[PDB]
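> As input, take query.cif (mmCIF, N, CA and C atoms):
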data_start
loop_
_atom_site.label_atom_id
_atom_site.label_comp_id
_atom_site.auth_asym_id
_atom_site.auth_seq_id
_atom_site.Cartn_x
_atom_site.Cartn_y
_atom_site.Cartn_z
N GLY L 1 4.16 -28.28 0.48
CA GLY L 1 3.75 -28.21 -0.91
C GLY L 1 2.43 -27.49 -1.08
N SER L 2 2.47 -26.16 -1.13
CA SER L 2 1.27 -25.36 -1.29
C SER L 2 0.91 -25.19 -2.76
N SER L 3 -0.22 -25.77 -3.15
CA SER L 3 -0.68 -25.69 -4.54
C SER L 3 -0.51 -24.28 -5.08
N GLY L 4 0.43 -24.11 -6.00
CA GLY L 4 0.68 -22.80 -6.59
C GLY L 4 1.11 -21.78 -5.56
N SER L 5 0.68 -20.53 -5.75
CA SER L 5 1.04 -19.45 -4.84
C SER L 5 0.12 -18.25 -5.04
N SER L 6 0.03 -17.41 -4.01
CA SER L 6 -0.82 -16.23 -4.07
C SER L 6 -0.06 -15.04 -4.65
N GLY L 7 0.96 -15.34 -5.45
CA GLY L 7 1.76 -14.29 -6.06
C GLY L 7 1.50 -14.16 -7.55
N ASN L 8 1.48 -15.29 -8.25
CA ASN L 8 1.25 -15.29 -9.69
C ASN L 8 -0.17 -14.84 -10.01
N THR L 9 -1.12 -15.28 -9.19
CA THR L 9 -2.52 -14.92 -9.39
C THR L 9 -2.70 -13.41 -9.46
N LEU L 10 -2.04 -12.70 -8.55
CA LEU L 10 -2.12 -11.25 -8.51
C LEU L 10 -1.54 -10.63 -9.77
N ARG L 11 -0.28 -10.96 -10.06
CA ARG L 11 0.39 -10.43 -11.25
C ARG L 11 -0.58 -10.32 -12.42
N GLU L 12 -1.13 -11.45 -12.85
CA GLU L 12 -2.07 -11.47 -13.96
C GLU L 12 -3.18 -10.45 -13.75
N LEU L 13 -3.61 -10.30 -12.50
CA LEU L 13 -4.67 -9.35 -12.16
C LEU L 13 -4.19 -7.91 -12.33
N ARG L 14 -3.12 -7.56 -11.63
CA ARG L 14 -2.56 -6.22 -11.70
C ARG L 14 -2.45 -5.76 -13.15
N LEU L 15 -1.88 -6.61 -14.00
CA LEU L 15 -1.71 -6.29 -15.41
C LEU L 15 -3.05 -6.37 -16.15
N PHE L 16 -3.82 -7.41 -15.85
CA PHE L 16 -5.12 -7.59 -16.49
C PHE L 16 -5.96 -6.32 -16.41
N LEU L 17 -6.43 -6.00 -15.21
CA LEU L 17 -7.24 -4.81 -14.99
C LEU L 17 -6.64 -3.61 -15.72
N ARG L 18 -5.41 -3.25 -15.34
CA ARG L 18 -4.73 -2.12 -15.95
C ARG L 18 -4.90 -2.13 -17.47
N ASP L 19 -4.97 -3.32 -18.04
CA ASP L 19 -5.14 -3.47 -19.48
C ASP L 19 -6.54 -3.02 -19.91
N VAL L 20 -7.53 -3.34 -19.10
CA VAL L 20 -8.91 -2.97 -19.39
C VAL L 20 -9.10 -1.46 -19.34
N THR L 21 -8.86 -0.88 -18.17
CA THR L 21 -9.01 0.56 -17.98
C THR L 21 -8.20 1.33 -19.02
N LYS L 22 -6.99 0.86 -19.29
CA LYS L 22 -6.12 1.50 -20.27
C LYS L 22 -6.82 1.64 -21.61
N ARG L 23 -7.15 0.50 -22.22
CA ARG L 23 -7.83 0.50 -23.51
C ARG L 23 -8.92 1.56 -23.56
N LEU L 24 -9.76 1.58 -22.53
CA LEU L 24 -10.85 2.54 -22.45
C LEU L 24 -10.32 3.97 -22.48
N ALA L 25 -9.66 4.37 -21.39
CA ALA L 25 -9.10 5.71 -21.29
C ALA L 25 -8.38 6.10 -22.57
N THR L 26 -7.39 5.30 -22.96
CA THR L 26 -6.62 5.57 -24.17
C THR L 26 -7.54 5.92 -25.34
N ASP L 27 -8.54 5.08 -25.58
CA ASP L 27 -9.48 5.31 -26.66
C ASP L 27 -10.17 6.66 -26.51
N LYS L 28 -10.19 7.44 -27.58
CA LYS L 28 -10.82 8.75 -27.57
C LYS L 28 -12.26 8.67 -27.05
N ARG L 29 -13.07 7.86 -27.73
CA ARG L 29 -14.47 7.69 -27.34
C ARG L 29 -14.60 7.62 -25.82
N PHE L 30 -13.62 7.00 -25.17
CA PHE L 30 -13.63 6.87 -23.72
C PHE L 30 -12.58 7.77 -23.08
N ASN L 31 -12.50 9.01 -23.56
CA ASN L 31 -11.54 9.97 -23.03
C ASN L 31 -12.24 11.03 -22.19
N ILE L 32 -13.54 11.18 -22.39
CA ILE L 32 -14.33 12.16 -21.65
C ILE L 32 -14.39 11.80 -20.17
N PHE L 33 -14.18 10.52 -19.86
CA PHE L 33 -14.21 10.05 -18.48
C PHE L 33 -12.80 10.02 -17.89
N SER L 34 -11.80 10.17 -18.75
CA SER L 34 -10.41 10.15 -18.31
C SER L 34 -10.10 11.36 -17.43
N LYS L 35 -10.92 12.40 -17.56
CA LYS L 35 -10.74 13.62 -16.78
C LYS L 35 -12.04 14.01 -16.08
N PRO L 36 -11.91 14.81 -15.00
CA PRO L 36 -13.06 15.28 -14.23
C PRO L 36 -13.91 16.29 -15.00
N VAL L 37 -15.02 15.82 -15.55
CA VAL L 37 -15.92 16.69 -16.31
C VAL L 37 -16.74 17.58 -15.39
N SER L 38 -16.06 18.49 -14.70
CA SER L 38 -16.73 19.40 -13.77
C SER L 38 -16.19 20.82 -13.92
N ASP L 39 -16.99 21.80 -13.51
CA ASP L 39 -16.59 23.20 -13.60
C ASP L 39 -15.69 23.58 -12.43
N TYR L 40 -15.72 22.77 -11.38
CA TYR L 40 -14.91 23.03 -10.19
C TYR L 40 -14.48 21.72 -9.53
N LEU L 41 -13.17 21.50 -9.44
CA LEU L 41 -12.64 20.29 -8.83
C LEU L 41 -12.95 20.26 -7.34
N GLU L 42 -13.29 21.41 -6.78
CA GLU L 42 -13.61 21.51 -5.36
C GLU L 42 -15.12 21.46 -5.14
N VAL L 43 -15.82 20.72 -5.99
CA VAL L 43 -17.26 20.58 -5.89
C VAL L 43 -17.68 19.12 -5.83
N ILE L 44 -16.75 18.23 -6.17
CA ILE L 44 -17.01 16.80 -6.15
C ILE L 44 -16.62 16.18 -4.81
N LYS L 45 -17.45 15.26 -4.32
CA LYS L 45 -17.19 14.60 -3.05
C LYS L 45 -16.27 13.40 -3.24
N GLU L 46 -16.52 12.63 -4.30
CA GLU L 46 -15.70 11.45 -4.59
C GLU L 46 -15.19 11.50 -6.03
N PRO L 47 -14.10 12.25 -6.25
CA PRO L 47 -13.49 12.40 -7.57
C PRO L 47 -12.81 11.11 -8.04
N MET L 48 -13.41 10.45 -9.02
CA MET L 48 -12.86 9.21 -9.56
C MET L 48 -12.72 9.29 -11.07
N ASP L 49 -11.51 9.05 -11.57
CA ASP L 49 -11.25 9.09 -13.00
C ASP L 49 -10.37 7.93 -13.43
N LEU L 50 -10.53 7.48 -14.67
CA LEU L 50 -9.75 6.37 -15.20
C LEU L 50 -8.26 6.60 -14.97
N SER L 51 -7.89 7.85 -14.71
CA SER L 51 -6.50 8.20 -14.48
C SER L 51 -6.04 7.73 -13.10
N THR L 52 -6.78 8.13 -12.07
CA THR L 52 -6.46 7.75 -10.70
C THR L 52 -6.54 6.24 -10.52
N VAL L 53 -7.35 5.58 -11.35
CA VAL L 53 -7.51 4.14 -11.28
C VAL L 53 -6.22 3.42 -11.68
N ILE L 54 -5.70 3.76 -12.85
CA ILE L 54 -4.48 3.15 -13.35
C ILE L 54 -3.38 3.19 -12.29
N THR L 55 -3.44 4.18 -11.41
CA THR L 55 -2.45 4.33 -10.35
C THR L 55 -2.65 3.28 -9.27
N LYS L 56 -3.90 3.06 -8.87
CA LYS L 56 -4.23 2.08 -7.84
C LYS L 56 -3.69 0.71 -8.22
N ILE L 57 -3.74 0.38 -9.50
CA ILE L 57 -3.26 -0.91 -9.99
C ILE L 57 -1.74 -0.99 -9.90
N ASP L 58 -1.08 0.16 -10.00
CA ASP L 58 0.38 0.22 -9.93
C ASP L 58 0.84 0.37 -8.49
N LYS L 59 -0.11 0.52 -7.57
CA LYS L 59 0.20 0.67 -6.16
C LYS L 59 -0.25 -0.55 -5.36
N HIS L 60 -0.47 -1.66 -6.06
CA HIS L 60 -0.90 -2.89 -5.42
C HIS L 60 -2.09 -2.64 -4.50
N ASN L 61 -3.12 -2.00 -5.04
CA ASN L 61 -4.32 -1.70 -4.27
C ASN L 61 -5.46 -2.64 -4.65
N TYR L 62 -5.51 -3.03 -5.92
CA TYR L 62 -6.55 -3.93 -6.41
C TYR L 62 -6.10 -5.38 -6.33
N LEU L 63 -6.57 -6.09 -5.31
CA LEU L 63 -6.22 -7.49 -5.12
C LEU L 63 -7.29 -8.41 -5.70
N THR L 64 -8.46 -7.84 -5.99
CA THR L 64 -9.57 -8.60 -6.55
C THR L 64 -10.14 -7.91 -7.78
N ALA L 65 -11.16 -8.52 -8.37
CA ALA L 65 -11.80 -7.97 -9.55
C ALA L 65 -12.96 -7.05 -9.17
N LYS L 66 -13.70 -7.43 -8.14
CA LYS L 66 -14.83 -6.64 -7.67
C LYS L 66 -14.38 -5.26 -7.21
N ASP L 67 -13.26 -5.22 -6.48
CA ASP L 67 -12.72 -3.97 -5.98
C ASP L 67 -12.35 -3.04 -7.13
N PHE L 68 -12.17 -3.61 -8.32
CA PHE L 68 -11.81 -2.83 -9.50
C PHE L 68 -13.06 -2.31 -10.20
N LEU L 69 -14.04 -3.19 -10.40
CA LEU L 69 -15.28 -2.82 -11.06
C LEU L 69 -16.01 -1.74 -10.28
N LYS L 70 -16.13 -1.93 -8.97
CA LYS L 70 -16.81 -0.97 -8.11
C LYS L 70 -16.27 0.44 -8.34
N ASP L 71 -14.99 0.52 -8.68
CA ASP L 71 -14.35 1.81 -8.93
C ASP L 71 -14.82 2.40 -10.26
N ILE L 72 -15.13 1.53 -11.21
CA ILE L 72 -15.59 1.96 -12.52
C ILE L 72 -17.03 2.45 -12.47
N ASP L 73 -17.83 1.83 -11.62
CA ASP L 73 -19.23 2.21 -11.46
C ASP L 73 -19.36 3.54 -10.73
N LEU L 74 -18.27 3.98 -10.12
CA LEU L 74 -18.25 5.24 -9.38
C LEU L 74 -18.06 6.42 -10.33
N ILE L 75 -17.31 6.19 -11.41
CA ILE L 75 -17.06 7.23 -12.39
C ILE L 75 -18.31 7.55 -13.20
N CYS L 76 -19.16 6.54 -13.39
CA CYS L 76 -20.39 6.71 -14.14
C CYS L 76 -21.41 7.51 -13.33
N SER L 77 -21.50 7.22 -12.04
CA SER L 77 -22.44 7.90 -11.16
C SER L 77 -22.08 9.38 -11.03
N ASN L 78 -20.85 9.65 -10.61
CA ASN L 78 -20.38 11.02 -10.44
C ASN L 78 -20.67 11.85 -11.69
N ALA L 79 -20.21 11.36 -12.84
CA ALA L 79 -20.42 12.05 -14.11
C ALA L 79 -21.82 12.65 -14.18
N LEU L 80 -22.77 12.01 -13.50
CA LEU L 80 -24.15 12.48 -13.48
C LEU L 80 -24.39 13.44 -12.32
N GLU L 81 -23.78 13.14 -11.18
CA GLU L 81 -23.93 13.98 -9.99
C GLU L 81 -23.80 15.46 -10.35
N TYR L 82 -22.63 15.83 -10.88
CA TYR L 82 -22.38 17.22 -11.26
C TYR L 82 -22.18 17.33 -12.77
N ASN L 83 -23.25 17.69 -13.47
CA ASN L 83 -23.20 17.84 -14.92
C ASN L 83 -24.18 18.91 -15.40
N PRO L 84 -23.74 19.72 -16.38
CA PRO L 84 -24.56 20.79 -16.94
C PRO L 84 -25.72 20.26 -17.77
N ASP L 85 -26.87 20.92 -17.67
CA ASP L 85 -28.06 20.52 -18.41
C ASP L 85 -28.55 21.65 -19.31
N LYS L 86 -29.41 21.30 -20.26
CA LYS L 86 -29.96 22.29 -21.19
C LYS L 86 -28.88 22.79 -22.15
N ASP L 87 -27.91 21.93 -22.44
CA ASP L 87 -26.83 22.28 -23.35
C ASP L 87 -26.54 21.15 -24.33
N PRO L 88 -26.17 21.51 -25.56
CA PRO L 88 -25.86 20.53 -26.61
C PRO L 88 -24.56 19.78 -26.34
N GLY L 89 -24.69 18.49 -26.02
CA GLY L 89 -23.52 17.68 -25.74
C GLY L 89 -23.67 16.87 -24.47
N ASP L 90 -24.69 17.19 -23.68
CA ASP L 90 -24.93 16.49 -22.42
C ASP L 90 -25.74 15.22 -22.66
N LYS L 91 -26.77 15.33 -23.50
CA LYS L 91 -27.62 14.19 -23.82
C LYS L 91 -26.78 12.97 -24.19
N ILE L 92 -25.60 13.21 -24.74
CA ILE L 92 -24.71 12.13 -25.14
C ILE L 92 -24.02 11.51 -23.93
N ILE L 93 -23.20 12.30 -23.25
CA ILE L 93 -22.49 11.83 -22.07
C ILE L 93 -23.37 10.90 -21.23
N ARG L 94 -24.52 11.40 -20.81
CA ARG L 94 -25.45 10.62 -20.01
C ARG L 94 -25.53 9.18 -20.52
N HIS L 95 -25.68 9.03 -21.83
CA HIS L 95 -25.78 7.72 -22.45
C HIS L 95 -24.43 7.01 -22.42
N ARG L 96 -23.36 7.76 -22.67
CA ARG L 96 -22.01 7.21 -22.68
C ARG L 96 -21.69 6.55 -21.34
N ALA L 97 -21.93 7.29 -20.26
CA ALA L 97 -21.66 6.78 -18.92
C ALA L 97 -22.10 5.33 -18.78
N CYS L 98 -23.35 5.06 -19.14
CA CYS L 98 -23.89 3.71 -19.06
C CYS L 98 -23.10 2.75 -19.94
N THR L 99 -22.80 3.19 -21.16
CA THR L 99 -22.05 2.37 -22.10
C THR L 99 -20.75 1.87 -21.48
N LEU L 100 -20.05 2.75 -20.78
CA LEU L 100 -18.79 2.40 -20.13
C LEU L 100 -18.98 1.21 -19.20
N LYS L 101 -19.84 1.38 -18.20
CA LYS L 101 -20.11 0.32 -17.23
C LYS L 101 -20.32 -1.02 -17.93
N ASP L 102 -21.22 -1.04 -18.91
CA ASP L 102 -21.51 -2.25 -19.66
C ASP L 102 -20.24 -2.84 -20.26
N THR L 103 -19.51 -2.01 -21.01
CA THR L 103 -18.28 -2.45 -21.64
C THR L 103 -17.31 -3.04 -20.62
N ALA L 104 -16.83 -2.19 -19.71
CA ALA L 104 -15.90 -2.63 -18.68
C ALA L 104 -16.38 -3.92 -18.02
N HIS L 105 -17.64 -3.92 -17.59
CA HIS L 105 -18.22 -5.09 -16.94
C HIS L 105 -18.25 -6.28 -17.89
N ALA L 106 -18.41 -6.00 -19.18
CA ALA L 106 -18.45 -7.05 -20.19
C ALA L 106 -17.09 -7.71 -20.36
N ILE L 107 -16.04 -6.90 -20.33
CA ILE L 107 -14.68 -7.40 -20.47
C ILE L 107 -14.27 -8.25 -19.27
N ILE L 108 -14.75 -7.86 -18.09
CA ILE L 108 -14.44 -8.58 -16.86
C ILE L 108 -15.24 -9.88 -16.77
N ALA L 109 -16.56 -9.76 -16.85
CA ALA L 109 -17.43 -10.93 -16.78
C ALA L 109 -17.13 -11.91 -17.90
N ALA L 110 -16.57 -11.40 -18.99
CA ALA L 110 -16.23 -12.23 -20.14
C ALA L 110 -14.87 -12.90 -19.95
N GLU L 111 -13.85 -12.09 -19.67
CA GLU L 111 -12.50 -12.61 -19.46
C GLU L 111 -12.37 -13.27 -18.09
N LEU L 112 -12.48 -12.46 -17.04
CA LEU L 112 -12.38 -12.97 -15.68
C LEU L 112 -13.18 -14.25 -15.51
N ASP L 113 -12.48 -15.38 -15.46
CA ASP L 113 -13.13 -16.68 -15.30
C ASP L 113 -13.76 -16.80 -13.92
N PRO L 114 -14.78 -17.66 -13.81
CA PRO L 114 -15.49 -17.89 -12.55
C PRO L 114 -14.64 -18.62 -11.52
N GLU L 115 -13.52 -19.17 -11.98
CA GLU L 115 -12.61 -19.90 -11.09
C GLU L 115 -11.45 -19.01 -10.66
N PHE L 116 -11.04 -18.10 -11.54
CA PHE L 116 -9.94 -17.19 -11.26
C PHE L 116 -10.38 -16.08 -10.30
N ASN L 117 -11.63 -15.64 -10.46
CA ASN L 117 -12.17 -14.59 -9.61
C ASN L 117 -12.26 -15.05 -8.16
N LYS L 118 -12.73 -16.27 -7.96
CA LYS L 118 -12.86 -16.83 -6.62
C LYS L 118 -11.50 -16.94 -5.94
N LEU L 119 -10.44 -16.95 -6.74
CA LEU L 119 -9.08 -17.05 -6.21
C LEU L 119 -8.58 -15.68 -5.74
N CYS L 120 -8.54 -14.73 -6.66
CA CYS L 120 -8.08 -13.38 -6.34
C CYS L 120 -8.66 -12.91 -5.01
N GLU L 121 -9.88 -13.36 -4.71
CA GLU L 121 -10.55 -12.98 -3.47
C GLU L 121 -10.10 -13.88 -2.32
N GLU L 122 -9.98 -15.17 -2.59
CA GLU L 122 -9.56 -16.13 -1.58
C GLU L 122 -8.20 -15.74 -0.99
N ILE L 123 -7.46 -14.93 -1.72
CA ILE L 123 -6.14 -14.48 -1.27
C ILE L 123 -6.26 -13.25 -0.38
N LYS L 124 -7.27 -12.43 -0.64
CA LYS L 124 -7.49 -11.22 0.15
C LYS L 124 -7.58 -11.54 1.63
N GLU L 125 -7.82 -12.81 1.94
CA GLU L 125 -7.93 -13.25 3.33
C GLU L 125 -6.56 -13.31 3.99
N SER L 126 -5.58 -13.84 3.26
CA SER L 126 -4.22 -13.96 3.78
C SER L 126 -3.36 -12.78 3.33
N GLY L 127 -3.35 -12.54 2.02
CA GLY L 127 -2.57 -11.44 1.48
C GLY L 127 -2.54 -10.24 2.40
N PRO L 128 -1.39 -9.56 2.46
CA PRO L 128 -1.21 -8.37 3.30
C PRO L 128 -2.00 -7.17 2.79
N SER L 129 -2.24 -7.14 1.49
CA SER L 129 -2.98 -6.05 0.87
C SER L 129 -4.09 -5.55 1.80
N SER L 130 -4.23 -4.24 1.90
CA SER L 130 -5.24 -3.63 2.75
C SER L 130 -6.44 -3.16 1.93
N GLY L 131 -7.40 -2.54 2.60
CA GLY L 131 -8.58 -2.05 1.91
C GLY L 131 -9.21 -0.87 2.62
#
Translate this file's structure into structure tokens.

Amino acid sequence: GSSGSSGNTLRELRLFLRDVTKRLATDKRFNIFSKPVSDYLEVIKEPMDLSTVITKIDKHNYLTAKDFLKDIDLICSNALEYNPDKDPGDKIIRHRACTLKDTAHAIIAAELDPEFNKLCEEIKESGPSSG
């Protein structure tokens, strides 16, 4: 009699996260990050976009919440790594990047309960999921 199972916990997660990133990407305001804002795709070292993320969730890659957030904080950093300056429209993005992190992190820290988070991770120990 194993209290519950390490299967239902994931489901809610897989769908949960995907729900967060989706809302953002889908939303226009958060569409500038949906694509690689660079002049050359062969200039970025770690290309991360809300697009490639939605895939990871559908590929059973995100078994925890932290592994998901860390991916969101990567899109904000890069956006700054390679970005044009001295042009009308950049001063905004820079600010937007930060806004994203806060929002996404707000939805997680707000929704993701302190008891549910400790679980999704407690499973990463047994669960076959890799990293």
> Which one of L:103, L:75, L:62, L:57 sits closest to residue 24 (chain L) if you count only C-alpha atoms?
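Comparing L:103, L:75, L:62, L:57 against residue 24 (chain L), the winner is L:103.
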> Expand the PyMOL selection byres (((chain L and resi 22 and name CA) around 12) and name CA) into the explicit residue set it covers here, and present it as a PyMOL selection string.
chain L and resi 15-21+23-28+30-31+33-34+49-55+57+104
> Would you kindly return, as a PyMOL selection string, each protein, DNA or RNA residue with an atom no farther than 6.5 Å from any atom of residue 120 (chain L), considering only N, CA and C atoms and excluding same-chain residues fewer than 4 positions away?
chain L and resi 9-10+63-65+116+124
> Between L:83, L:117, L:77, L:61, which one has atoms that come closest to residue 130 (chain L), using only C-alpha atoms?
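Checking each of L:83, L:117, L:77, L:61 against residue 130 (chain L), counting only C-alpha atoms, the winner is L:61.
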> Which residues, written as an mmCIF file with N, CA and C atoms, in the coordinates of the input, have at least one atom at most 8 Å from residue 79 (chain L), with only C-alpha atoms counted and residues fewer than 5 positions away on the same chain left out?

data_model
loop_
_atom_site.group_PDB
_atom_site.id
_atom_site.type_symbol
_atom_site.label_atom_id
_atom_site.label_comp_id
_atom_site.auth_asym_id
_atom_site.auth_seq_id
_atom_site.Cartn_x
_atom_site.Cartn_y
_atom_site.Cartn_z
ATOM 1 N N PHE L 33 -14.180 10.520 -19.860
ATOM 2 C CA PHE L 33 -14.210 10.050 -18.480
ATOM 3 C C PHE L 33 -12.800 10.020 -17.890
ATOM 4 N N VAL L 37 -15.020 15.820 -15.550
ATOM 5 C CA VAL L 37 -15.920 16.690 -16.310
ATOM 6 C C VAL L 37 -16.740 17.580 -15.390
ATOM 7 N N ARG L 94 -24.520 11.400 -20.810
ATOM 8 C CA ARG L 94 -25.450 10.620 -20.010
ATOM 9 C C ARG L 94 -25.530 9.180 -20.520
ATOM 10 N N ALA L 97 -21.930 7.290 -20.260
ATOM 11 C CA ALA L 97 -21.660 6.780 -18.920
ATOM 12 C C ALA L 97 -22.100 5.330 -18.780
#
> With DSSP run on the backbone, what are the alpha helix (DSSP H) residues within region 47-97 of chain L? I'd like them as a PyMOL selection string.
chain L and resi 50-58+66-81+90-97
> Can you spit out the residues from that selection as an mmCIF file, in the frame of the given file, using N, CA and C atoms?

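Writing the result to selection-v2.cif gives the following:
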data_model
loop_
_atom_site.group_PDB
_atom_site.id
_atom_site.type_symbol
_atom_site.label_atom_id
_atom_site.label_comp_id
_atom_site.auth_asym_id
_atom_site.auth_seq_id
_atom_site.Cartn_x
_atom_site.Cartn_y
_atom_site.Cartn_z
ATOM 1 N N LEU L 50 -10.530 7.480 -14.670
ATOM 2 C CA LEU L 50 -9.750 6.370 -15.200
ATOM 3 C C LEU L 50 -8.260 6.600 -14.970
ATOM 4 N N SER L 51 -7.890 7.850 -14.710
ATOM 5 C CA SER L 51 -6.500 8.200 -14.480
ATOM 6 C C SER L 51 -6.040 7.730 -13.100
ATOM 7 N N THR L 52 -6.780 8.130 -12.070
ATOM 8 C CA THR L 52 -6.460 7.750 -10.700
ATOM 9 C C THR L 52 -6.540 6.240 -10.520
ATOM 10 N N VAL L 53 -7.350 5.580 -11.350
ATOM 11 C CA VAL L 53 -7.510 4.140 -11.280
ATOM 12 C C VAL L 53 -6.220 3.420 -11.680
ATOM 13 N N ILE L 54 -5.700 3.760 -12.850
ATOM 14 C CA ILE L 54 -4.480 3.150 -13.350
ATOM 15 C C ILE L 54 -3.380 3.190 -12.290
ATOM 16 N N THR L 55 -3.440 4.180 -11.410
ATOM 17 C CA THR L 55 -2.450 4.330 -10.350
ATOM 18 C C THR L 55 -2.650 3.280 -9.270
ATOM 19 N N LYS L 56 -3.900 3.060 -8.870
ATOM 20 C CA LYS L 56 -4.230 2.080 -7.840
ATOM 21 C C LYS L 56 -3.690 0.710 -8.220
ATOM 22 N N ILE L 57 -3.740 0.380 -9.500
ATOM 23 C CA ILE L 57 -3.260 -0.910 -9.990
ATOM 24 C C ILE L 57 -1.740 -0.990 -9.900
ATOM 25 N N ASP L 58 -1.080 0.160 -10.000
ATOM 26 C CA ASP L 58 0.380 0.220 -9.930
ATOM 27 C C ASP L 58 0.840 0.370 -8.490
ATOM 28 N N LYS L 66 -13.700 -7.430 -8.140
ATOM 29 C CA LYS L 66 -14.830 -6.640 -7.670
ATOM 30 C C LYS L 66 -14.380 -5.260 -7.210
ATOM 31 N N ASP L 67 -13.260 -5.220 -6.480
ATOM 32 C CA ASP L 67 -12.720 -3.970 -5.980
ATOM 33 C C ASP L 67 -12.350 -3.040 -7.130
ATOM 34 N N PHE L 68 -12.170 -3.610 -8.320
ATOM 35 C CA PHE L 68 -11.810 -2.830 -9.500
ATOM 36 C C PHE L 68 -13.060 -2.310 -10.200
ATOM 37 N N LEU L 69 -14.040 -3.190 -10.400
ATOM 38 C CA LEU L 69 -15.280 -2.820 -11.060
ATOM 39 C C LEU L 69 -16.010 -1.740 -10.280
ATOM 40 N N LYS L 70 -16.130 -1.930 -8.970
ATOM 41 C CA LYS L 70 -16.810 -0.970 -8.110
ATOM 42 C C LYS L 70 -16.270 0.440 -8.340
ATOM 43 N N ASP L 71 -14.990 0.520 -8.680
ATOM 44 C CA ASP L 71 -14.350 1.810 -8.930
ATOM 45 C C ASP L 71 -14.820 2.400 -10.260
ATOM 46 N N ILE L 72 -15.130 1.530 -11.210
ATOM 47 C CA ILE L 72 -15.590 1.960 -12.520
ATOM 48 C C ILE L 72 -17.030 2.450 -12.470
ATOM 49 N N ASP L 73 -17.830 1.830 -11.620
ATOM 50 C CA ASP L 73 -19.230 2.210 -11.460
ATOM 51 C C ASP L 73 -19.360 3.540 -10.730
ATOM 52 N N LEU L 74 -18.270 3.980 -10.120
ATOM 53 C CA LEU L 74 -18.250 5.240 -9.380
ATOM 54 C C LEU L 74 -18.060 6.420 -10.330
ATOM 55 N N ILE L 75 -17.310 6.190 -11.410
ATOM 56 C CA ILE L 75 -17.060 7.230 -12.390
ATOM 57 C C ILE L 75 -18.310 7.550 -13.200
ATOM 58 N N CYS L 76 -19.160 6.540 -13.390
ATOM 59 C CA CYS L 76 -20.390 6.710 -14.140
ATOM 60 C C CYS L 76 -21.410 7.510 -13.330
ATOM 61 N N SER L 77 -21.500 7.220 -12.040
ATOM 62 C CA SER L 77 -22.440 7.900 -11.160
ATOM 63 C C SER L 77 -22.080 9.380 -11.030
ATOM 64 N N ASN L 78 -20.850 9.650 -10.610
ATOM 65 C CA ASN L 78 -20.380 11.020 -10.440
ATOM 66 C C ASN L 78 -20.670 11.850 -11.690
ATOM 67 N N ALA L 79 -20.210 11.360 -12.840
ATOM 68 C CA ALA L 79 -20.420 12.050 -14.110
ATOM 69 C C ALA L 79 -21.820 12.650 -14.180
ATOM 70 N N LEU L 80 -22.770 12.010 -13.500
ATOM 71 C CA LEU L 80 -24.150 12.480 -13.480
ATOM 72 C C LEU L 80 -24.390 13.440 -12.320
ATOM 73 N N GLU L 81 -23.780 13.140 -11.180
ATOM 74 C CA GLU L 81 -23.930 13.980 -9.990
ATOM 75 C C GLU L 81 -23.800 15.460 -10.350
ATOM 76 N N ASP L 90 -24.690 17.190 -23.680
ATOM 77 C CA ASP L 90 -24.930 16.490 -22.420
ATOM 78 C C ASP L 90 -25.740 15.220 -22.660
ATOM 79 N N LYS L 91 -26.770 15.330 -23.500
ATOM 80 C CA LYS L 91 -27.620 14.190 -23.820
ATOM 81 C C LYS L 91 -26.780 12.970 -24.190
ATOM 82 N N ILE L 92 -25.600 13.210 -24.740
ATOM 83 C CA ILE L 92 -24.710 12.130 -25.140
ATOM 84 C C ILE L 92 -24.020 11.510 -23.930
ATOM 85 N N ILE L 93 -23.200 12.300 -23.250
ATOM 86 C CA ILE L 93 -22.490 11.830 -22.070
ATOM 87 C C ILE L 93 -23.370 10.900 -21.230
ATOM 88 N N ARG L 94 -24.520 11.400 -20.810
ATOM 89 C CA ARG L 94 -25.450 10.620 -20.010
ATOM 90 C C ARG L 94 -25.530 9.180 -20.520
ATOM 91 N N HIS L 95 -25.680 9.030 -21.830
ATOM 92 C CA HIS L 95 -25.780 7.720 -22.450
ATOM 93 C C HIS L 95 -24.430 7.010 -22.420
ATOM 94 N N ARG L 96 -23.360 7.760 -22.670
ATOM 95 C CA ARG L 96 -22.010 7.210 -22.680
ATOM 96 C C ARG L 96 -21.690 6.550 -21.340
ATOM 97 N N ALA L 97 -21.930 7.290 -20.260
ATOM 98 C CA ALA L 97 -21.660 6.780 -18.920
ATOM 99 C C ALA L 97 -22.100 5.330 -18.780
#
> Can you measure CA of residue 74 (chain L) to CA of residue 96 (chain L) for me? One decimal in Å is fine.
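These two atoms are separated by 14.0 Å.
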> Hey, can you check how far atom N of residue 7 (chain L) sits from atom C of residue 48 (chain L)?
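Taking atom N of residue 7 (chain L) and atom C of residue 48 (chain L), their separation equals 28.7 Å.
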> Please, what distance in Å, to one decimal, runs between atom N of residue 114 (chain L) and atom C of residue 11 (chain L)?
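One can read the atom N of residue 114 (chain L) to atom C of residue 11 (chain L) distance as 16.0 Å.
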